[PDB]
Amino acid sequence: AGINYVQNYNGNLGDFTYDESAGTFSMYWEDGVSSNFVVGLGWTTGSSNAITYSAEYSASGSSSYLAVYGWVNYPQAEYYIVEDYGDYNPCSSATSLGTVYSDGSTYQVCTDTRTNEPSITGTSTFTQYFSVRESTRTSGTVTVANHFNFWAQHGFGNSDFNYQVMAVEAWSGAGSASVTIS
């Protein structure tokens, strides 16, 4: 992997363990949470290389994602390639951009605008891009490039990347996750 960055945003709301040199991490939020966490492992600068992962992920009670997650500095954007998830589909509610096919499934693609919300520069206004896998799974390869190229026709800057990680996020309910990046 060449993992050089640990993502920890409110990981203390649950039990986050990781080992950078093995590329593994776990997160348990068995009791539930009612605030947002995002944890995981990755690289201080994102790129379009494929990511292969393997996970156990149990969050059917939970507003949660298992996703490639990362940011672009300018135009400021937060992005997700959601491989599996719980009770909430961000594309149910956001503006639809269409569909992309990659790595064995279609993904619905959507975007949203967040105003004065926490971001890599503090509090600011940014765009979100989502690809949500139609056949959810917890192991495989994500050909990031196919998503970036599709989003780029819709304004995604597709360069000037900040961090990028394989992540678990939850903001409600309980669940459990253990992930290896290969």
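Start at 1 with the first residue shown and count on from there.
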item	value
29-37 versus 129-137 - greater average Cα B-factor per the deposited record	29-37
Mean temperature factor over C-alpha atoms, higher-scoring stretch between 99-107 and 86-94	86-94
Candidate set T45, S58, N149, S48 [ranked by C-alpha B-factor, highest]	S58
Ranked C-alpha temperature factor of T121 among modelled chain residues, by third	highest
Record-listed C-alpha B factor of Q164: chain third	lowest
Assigned third (lowest, middle, highest) for the C-alpha B factor of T52	middle
For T143, the third of its chain into which the C-alpha B factor falls	lowest
B-factor third for the C-alpha atom of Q7 within its chain	lowest
